[PDB]
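Pasting model_29.cif here (mmCIF, C-alpha atoms and all ligand atoms):
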data_structure
loop_
_atom_site.label_atom_id
_atom_site.label_comp_id
_atom_site.auth_asym_id
_atom_site.auth_seq_id
_atom_site.Cartn_x
_atom_site.Cartn_y
_atom_site.Cartn_z
CA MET S 1 -11.04 34.48 13.94
CA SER S 2 -7.46 35.71 13.73
CA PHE S 3 -5.51 32.73 15.03
CA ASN S 4 -6.85 29.23 15.58
CA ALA S 5 -4.91 25.96 15.56
CA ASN S 6 -7.95 24.18 14.10
CA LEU S 7 -6.33 23.36 10.76
CA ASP S 8 -3.35 25.70 10.28
CA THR S 9 -1.22 24.41 13.13
CA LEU S 10 -2.49 20.88 12.52
CA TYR S 11 -1.34 20.57 8.90
CA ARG S 12 1.64 22.66 9.94
CA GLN S 13 2.69 19.77 12.14
CA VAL S 14 1.60 17.28 9.46
CA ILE S 15 3.96 18.77 6.86
CA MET S 16 6.72 19.53 9.39
CA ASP S 17 6.76 15.93 10.59
CA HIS S 18 6.93 14.93 6.94
CA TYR S 19 9.97 17.20 6.59
CA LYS S 20 11.73 15.66 9.60
CA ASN S 21 11.41 12.47 7.59
CA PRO S 22 11.93 13.64 3.99
CA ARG S 23 10.55 10.64 2.13
CA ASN S 24 7.73 10.83 -0.38
CA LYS S 25 6.89 9.67 -3.89
CA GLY S 26 7.70 6.02 -4.48
CA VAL S 27 6.29 2.98 -6.26
CA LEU S 28 6.25 -0.58 -4.97
CA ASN S 29 4.94 -3.02 -7.56
CA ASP S 30 3.95 -6.24 -5.81
CA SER S 31 0.40 -6.80 -4.60
CA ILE S 32 -1.90 -3.76 -4.47
CA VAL S 33 -1.41 -0.73 -6.71
CA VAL S 34 -3.96 2.06 -6.30
CA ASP S 35 -3.34 5.63 -7.45
CA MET S 36 -5.67 8.61 -7.23
CA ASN S 37 -5.40 11.85 -9.16
CA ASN S 38 -7.05 15.25 -8.77
CA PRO S 39 -6.69 16.55 -12.36
CA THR S 40 -8.20 19.84 -11.25
CA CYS S 41 -5.76 20.57 -8.44
CA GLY S 42 -2.78 18.56 -9.68
CA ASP S 43 -2.59 16.01 -6.89
CA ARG S 44 -1.54 12.45 -7.72
CA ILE S 45 -1.01 9.73 -5.14
CA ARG S 46 0.15 6.30 -6.21
CA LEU S 47 -0.33 3.96 -3.29
CA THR S 48 1.64 0.82 -3.85
CA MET S 49 1.55 -1.51 -0.87
CA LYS S 50 2.84 -4.96 -0.15
CA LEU S 51 0.67 -7.06 2.10
CA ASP S 52 2.50 -10.35 2.41
CA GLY S 53 0.27 -12.49 4.55
CA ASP S 54 -2.53 -10.92 6.52
CA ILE S 55 -0.76 -7.69 7.34
CA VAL S 56 0.80 -4.75 5.63
CA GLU S 57 4.52 -5.17 4.99
CA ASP S 58 5.24 -1.98 3.12
CA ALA S 59 3.68 0.89 1.21
CA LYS S 60 5.01 3.39 -1.30
CA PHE S 61 3.13 6.61 -1.75
CA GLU S 62 3.94 8.51 -4.91
CA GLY S 63 2.06 11.54 -3.69
CA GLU S 64 2.33 14.76 -5.63
CA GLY S 65 0.15 17.82 -5.26
CA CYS S 66 -0.46 20.29 -2.47
CA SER S 67 0.59 20.41 1.18
CA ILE S 68 -2.22 18.34 2.68
CA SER S 69 -2.69 15.53 0.16
CA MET S 70 0.88 14.25 -0.12
CA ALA S 71 1.26 14.62 3.64
CA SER S 72 -1.98 13.01 4.86
CA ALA S 73 -1.46 9.95 2.68
CA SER S 74 2.08 9.58 3.99
CA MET S 75 0.84 9.83 7.57
CA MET S 76 -2.04 7.41 7.25
CA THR S 77 0.02 4.93 5.20
CA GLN S 78 2.65 5.03 7.94
CA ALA S 79 0.03 3.75 10.34
CA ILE S 80 -1.07 1.26 7.71
CA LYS S 81 2.49 0.07 7.10
CA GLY S 82 2.49 -0.94 10.75
CA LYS S 83 -0.89 -2.64 10.84
CA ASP S 84 -2.75 -5.69 9.61
CA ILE S 85 -5.78 -6.01 7.43
CA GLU S 86 -8.16 -6.50 10.35
CA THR S 87 -6.83 -3.40 12.07
CA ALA S 88 -6.90 -1.46 8.79
CA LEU S 89 -10.48 -2.53 8.07
CA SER S 90 -11.43 -1.63 11.64
CA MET S 91 -9.72 1.76 11.42
CA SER S 92 -11.74 2.53 8.31
CA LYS S 93 -14.90 0.89 9.64
CA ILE S 94 -14.79 3.28 12.57
CA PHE S 95 -13.48 6.01 10.23
CA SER S 96 -16.74 5.83 8.28
CA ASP S 97 -18.81 5.01 11.38
CA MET S 98 -17.79 8.35 12.92
CA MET S 99 -19.91 10.08 10.28
CA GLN S 100 -23.04 8.22 11.36
CA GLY S 101 -22.51 8.42 15.08
CA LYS S 102 -21.19 11.98 15.54
CA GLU S 103 -17.56 12.34 16.59
CA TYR S 104 -15.48 9.70 18.37
CA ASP S 105 -12.39 7.61 17.92
CA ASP S 106 -11.62 4.47 19.85
CA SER S 107 -7.98 5.59 20.14
CA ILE S 108 -8.59 9.37 20.25
CA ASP S 109 -5.92 9.41 17.53
CA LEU S 110 -7.51 11.97 15.23
CA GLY S 111 -4.33 13.73 14.11
CA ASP S 112 -4.87 13.26 10.38
CA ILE S 113 -8.60 12.57 10.66
CA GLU S 114 -9.38 16.08 11.91
CA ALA S 115 -7.07 17.57 9.27
CA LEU S 116 -8.56 15.57 6.40
CA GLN S 117 -12.09 16.50 7.50
CA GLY S 118 -11.09 20.16 7.63
CA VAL S 119 -10.45 20.51 3.91
CA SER S 120 -13.17 17.93 3.13
CA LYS S 121 -15.83 20.65 2.98
CA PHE S 122 -14.36 23.48 0.97
CA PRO S 123 -15.32 23.10 -2.73
CA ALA S 124 -11.65 23.49 -3.63
CA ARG S 125 -10.22 21.25 -0.90
CA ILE S 126 -12.85 18.53 -0.90
CA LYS S 127 -11.41 16.76 -3.89
CA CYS S 128 -7.98 16.72 -2.24
CA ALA S 129 -9.57 15.42 0.95
CA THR S 130 -11.61 12.73 -0.76
CA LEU S 131 -8.46 12.02 -2.74
CA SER S 132 -6.47 10.74 0.25
CA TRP S 133 -9.64 9.36 1.82
CA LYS S 134 -10.92 7.29 -1.10
CA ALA S 135 -7.41 6.20 -2.09
CA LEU S 136 -6.62 4.78 1.34
CA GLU S 137 -10.00 3.07 1.73
CA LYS S 138 -9.55 1.62 -1.75
CA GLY S 139 -6.11 0.18 -1.07
CA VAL S 140 -7.00 -2.59 1.37
CA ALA S 141 -10.76 -1.94 1.30
CA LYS S 142 -12.60 -0.95 4.47
CA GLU S 143 -15.01 -2.25 7.12
CA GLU S 144 -15.46 -5.83 5.91
CA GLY S 145 -15.89 -5.06 2.24
CA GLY S 146 -17.19 -1.55 1.68
CA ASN S 147 -18.19 -2.08 -1.95
ZN ZN Y 1 -4.15 19.20 -4.61
#
Target encoding structure tokens, full file:
Amino acid sequence: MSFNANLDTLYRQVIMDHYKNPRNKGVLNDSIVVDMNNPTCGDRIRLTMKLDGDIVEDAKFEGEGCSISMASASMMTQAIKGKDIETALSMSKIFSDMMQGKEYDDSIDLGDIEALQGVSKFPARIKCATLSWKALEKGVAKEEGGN
């Protein structure tokens, strides 16, 4: 293949959207503080959220590293910042469920999901993919517990 918008144009939009809103790397000490490093690649994402009730009030992502990691976290935490715990647990319940079923999203909203899965498989990109993946699922947990 010469040109394919499979991942290139996808993360292109992911980082460009992140540039239209130039905010990244922050720390909110309140309720949940979960950071995830990739000491091989240099990525470091400190996910500091504030869930004040049964929702998500805010989230600060101190994400450093490469193009995908700091961007994906910012994108998924933006959706989380505007969600609840039920909706977050559901999003991750289906997020993991996709891997058992085949390929499907209840909302069809696979913008980051298809980007994160793209790098998920390359030996060098898998640890940056699992980085954002495991860090987000670890923040508020997933499904109804995960464990
Ligand atoms: Zn990295």
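The coordinates place atom CA of residue S:58 at 27.6 Å from atom CA of residue S:126.
For ligand ZN 1 (chain Y), the set of protein, DNA and RNA residues within 6 Å, based on only C-alpha atoms and all ligand atoms, reads residues 41, 42, 43, 65, 66 and 128 of chain S.
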Grab the residues selected above and save them as an mmCIF file, in the frame of the given file with C-alpha atoms.
data_model
loop_
_atom_site.group_PDB
_atom_site.id
_atom_site.type_symbol
_atom_site.label_atom_id
_atom_site.label_comp_id
_atom_site.auth_asym_id
_atom_site.auth_seq_id
_atom_site.Cartn_x
_atom_site.Cartn_y
_atom_site.Cartn_z
ATOM 1 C CA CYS S 41 -5.760 20.570 -8.440
ATOM 2 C CA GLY S 42 -2.780 18.560 -9.680
ATOM 3 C CA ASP S 43 -2.590 16.010 -6.890
ATOM 4 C CA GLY S 65 0.150 17.820 -5.260
ATOM 5 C CA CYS S 66 -0.460 20.290 -2.470
ATOM 6 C CA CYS S 128 -7.980 16.720 -2.240
#
Between S:119, S:68, S:15, S:47, which residue has the minimum interatomic distance to residue S:140, considering all atoms listed in the file?
S:47
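Ranking S:110, S:72, S:139, S:145 by their shortest atom-to-atom distance to residue S:49, with only C-alpha atoms included, puts S:139 first.
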Pull the neighbourhood of (10.9, 11.8, 0.7) for me: all residues within 12 Å in file coordinates, counting all atoms listed in the file, as a PyMOL selection string.
chain S and resi 15+17-26+60-64+70-71+74
Counting only C-alpha atoms, what is within 10 Å of residue S:104, bar same-chain residues fewer than 6 positions away, as number ranges by chain?
S: 94-95, 97-98, 110
So that I can see what lies close to residue S:87, please list as a PyMOL selection string the residues with an atom at most 12 Å from it, counting all atoms listed in the file and leaving out residues fewer than 2 positions away in the same chain.
chain S and resi 54-56+79-85+89-95+140-144
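Between atom CA of residue S:14 and atom CA of residue S:133 there is a distance of 15.7 Å.
Relative to atom CA of residue S:52, atom CA of residue S:109 is found at 26.3 Å.
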For stretch 113-144 of chain S of the block above, can you save N, CA and C atoms as a PDB file, in the first residue's frame?
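Heads up, here's the output in part.pdb:
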ATOM      1  N   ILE S 113     -10.616   4.200  19.254  1.00  0.00           N
ATOM      2  CA  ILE S 113     -10.573   2.753  19.433  1.00  0.00           C
ATOM      3  C   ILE S 113      -9.866   2.064  18.265  1.00  0.00           C
ATOM      4  N   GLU S 114     -10.111   2.542  17.051  1.00  0.00           N
ATOM      5  CA  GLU S 114      -9.472   1.961  15.873  1.00  0.00           C
ATOM      6  C   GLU S 114      -8.023   2.432  15.746  1.00  0.00           C
ATOM      7  N   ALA S 115      -7.713   3.574  16.345  1.00  0.00           N
ATOM      8  CA  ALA S 115      -6.350   4.090  16.328  1.00  0.00           C
ATOM      9  C   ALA S 115      -5.497   3.361  17.358  1.00  0.00           C
ATOM     10  N   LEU S 116      -6.067   3.161  18.538  1.00  0.00           N
ATOM     11  CA  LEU S 116      -5.378   2.499  19.635  1.00  0.00           C
ATOM     12  C   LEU S 116      -5.085   1.044  19.275  1.00  0.00           C
ATOM     13  N   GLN S 117      -6.023   0.414  18.573  1.00  0.00           N
ATOM     14  CA  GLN S 117      -5.876  -0.984  18.181  1.00  0.00           C
ATOM     15  C   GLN S 117      -4.848  -1.126  17.059  1.00  0.00           C
ATOM     16  N   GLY S 118      -4.638  -0.042  16.315  1.00  0.00           N
ATOM     17  CA  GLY S 118      -3.704  -0.067  15.207  1.00  0.00           C
ATOM     18  C   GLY S 118      -2.279  -0.291  15.666  1.00  0.00           C
ATOM     19  N   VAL S 119      -1.868   0.464  16.675  1.00  0.00           N
ATOM     20  CA  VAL S 119      -0.511   0.370  17.204  1.00  0.00           C
ATOM     21  C   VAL S 119      -0.377  -0.795  18.184  1.00  0.00           C
ATOM     22  N   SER S 120      -1.517  -1.257  18.679  1.00  0.00           N
ATOM     23  CA  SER S 120      -1.609  -2.328  19.678  1.00  0.00           C
ATOM     24  C   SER S 120      -0.840  -3.608  19.311  1.00  0.00           C
ATOM     25  N   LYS S 121      -0.394  -3.743  18.072  1.00  0.00           N
ATOM     26  CA  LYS S 121       0.012  -5.053  17.577  1.00  0.00           C
ATOM     27  C   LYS S 121       1.480  -5.062  17.202  1.00  0.00           C
ATOM     28  N   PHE S 122       2.002  -3.895  16.879  1.00  0.00           N
ATOM     29  CA  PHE S 122       3.407  -3.764  16.573  1.00  0.00           C
ATOM     30  C   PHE S 122       4.204  -3.842  17.863  1.00  0.00           C
ATOM     31  N   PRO S 123       5.239  -4.695  17.907  1.00  0.00           N
ATOM     32  CA  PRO S 123       6.055  -4.902  19.112  1.00  0.00           C
ATOM     33  C   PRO S 123       6.535  -3.596  19.740  1.00  0.00           C
ATOM     34  N   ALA S 124       6.727  -2.578  18.915  1.00  0.00           N
ATOM     35  CA  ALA S 124       7.213  -1.302  19.401  1.00  0.00           C
ATOM     36  C   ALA S 124       6.073  -0.351  19.775  1.00  0.00           C
ATOM     37  N   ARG S 125       4.838  -0.633  19.346  1.00  0.00           N
ATOM     38  CA  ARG S 125       3.767   0.327  19.537  1.00  0.00           C
ATOM     39  C   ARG S 125       2.742  -0.240  20.509  1.00  0.00           C
ATOM     40  N   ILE S 126       2.954  -1.490  20.898  1.00  0.00           N
ATOM     41  CA  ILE S 126       1.969  -2.241  21.663  1.00  0.00           C
ATOM     42  C   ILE S 126       1.976  -1.767  23.097  1.00  0.00           C
ATOM     43  N   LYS S 127       3.148  -1.362  23.537  1.00  0.00           N
ATOM     44  CA  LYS S 127       3.338  -0.924  24.902  1.00  0.00           C
ATOM     45  C   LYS S 127       2.882   0.523  25.070  1.00  0.00           C
ATOM     46  N   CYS S 128       2.777   1.246  23.960  1.00  0.00           N
ATOM     47  CA  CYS S 128       2.205   2.588  23.986  1.00  0.00           C
ATOM     48  C   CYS S 128       0.688   2.500  23.870  1.00  0.00           C
ATOM     49  N   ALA S 129       0.223   1.444  23.215  1.00  0.00           N
ATOM     50  CA  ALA S 129      -1.204   1.207  23.061  1.00  0.00           C
ATOM     51  C   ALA S 129      -1.796   0.701  24.364  1.00  0.00           C
ATOM     52  N   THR S 130      -1.163  -0.318  24.930  1.00  0.00           N
ATOM     53  CA  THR S 130      -1.603  -0.870  26.202  1.00  0.00           C
ATOM     54  C   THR S 130      -1.438   0.164  27.305  1.00  0.00           C
ATOM     55  N   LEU S 131      -0.497   1.076  27.102  1.00  0.00           N
ATOM     56  CA  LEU S 131      -0.288   2.187  28.015  1.00  0.00           C
ATOM     57  C   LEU S 131      -1.593   2.960  28.225  1.00  0.00           C
ATOM     58  N   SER S 132      -2.099   3.579  27.162  1.00  0.00           N
ATOM     59  CA  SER S 132      -3.323   4.367  27.244  1.00  0.00           C
ATOM     60  C   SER S 132      -4.520   3.486  27.607  1.00  0.00           C
ATOM     61  N   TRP S 133      -4.495   2.252  27.124  1.00  0.00           N
ATOM     62  CA  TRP S 133      -5.586   1.311  27.337  1.00  0.00           C
ATOM     63  C   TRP S 133      -5.694   0.943  28.817  1.00  0.00           C
ATOM     64  N   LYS S 134      -4.609   0.410  29.363  1.00  0.00           N
ATOM     65  CA  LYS S 134      -4.598  -0.071  30.738  1.00  0.00           C
ATOM     66  C   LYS S 134      -4.754   1.079  31.723  1.00  0.00           C
ATOM     67  N   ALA S 135      -4.221   2.243  31.369  1.00  0.00           N
ATOM     68  CA  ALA S 135      -4.274   3.403  32.251  1.00  0.00           C
ATOM     69  C   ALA S 135      -5.697   3.931  32.391  1.00  0.00           C
ATOM     70  N   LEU S 136      -6.459   3.872  31.307  1.00  0.00           N
ATOM     71  CA  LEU S 136      -7.811   4.411  31.313  1.00  0.00           C
ATOM     72  C   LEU S 136      -8.756   3.427  31.993  1.00  0.00           C
ATOM     73  N   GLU S 137      -8.539   2.134  31.746  1.00  0.00           N
ATOM     74  CA  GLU S 137      -9.348   1.094  32.377  1.00  0.00           C
ATOM     75  C   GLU S 137      -9.036   0.997  33.866  1.00  0.00           C
ATOM     76  N   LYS S 138      -7.862   1.473  34.259  1.00  0.00           N
ATOM     77  CA  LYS S 138      -7.444   1.389  35.653  1.00  0.00           C
ATOM     78  C   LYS S 138      -7.947   2.584  36.457  1.00  0.00           C
ATOM     79  N   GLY S 139      -8.239   3.679  35.765  1.00  0.00           N
ATOM     80  CA  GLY S 139      -8.667   4.894  36.435  1.00  0.00           C
ATOM     81  C   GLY S 139      -9.960   4.715  37.211  1.00  0.00           C
ATOM     82  N   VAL S 140     -11.023   4.351  36.509  1.00  0.00           N
ATOM     83  CA  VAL S 140     -12.333   4.196  37.134  1.00  0.00           C
ATOM     84  C   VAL S 140     -12.767   2.736  37.136  1.00  0.00           C
ATOM     85  N   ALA S 141     -11.819   1.851  36.808  1.00  0.00           N
ATOM     86  CA  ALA S 141     -12.093   0.424  36.606  1.00  0.00           C
ATOM     87  C   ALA S 141     -12.924   0.228  35.342  1.00  0.00           C
ATOM     88  N   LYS S 142     -13.329  -1.004  35.063  1.00  0.00           N
ATOM     89  CA  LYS S 142     -14.113  -1.270  33.865  1.00  0.00           C
ATOM     90  C   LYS S 142     -15.132  -2.371  34.105  1.00  0.00           C
ATOM     91  N   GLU S 143     -16.076  -2.500  33.169  1.00  0.00           N
ATOM     92  CA  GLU S 143     -17.138  -3.501  33.257  1.00  0.00           C
ATOM     93  C   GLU S 143     -17.968  -3.279  34.517  1.00  0.00           C
ATOM     94  N   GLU S 144     -17.764  -4.124  35.517  1.00  0.00           N
ATOM     95  CA  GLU S 144     -18.372  -3.931  36.824  1.00  0.00           C
ATOM     96  C   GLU S 144     -17.354  -4.258  37.906  1.00  0.00           C
TER      97      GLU S 144
END
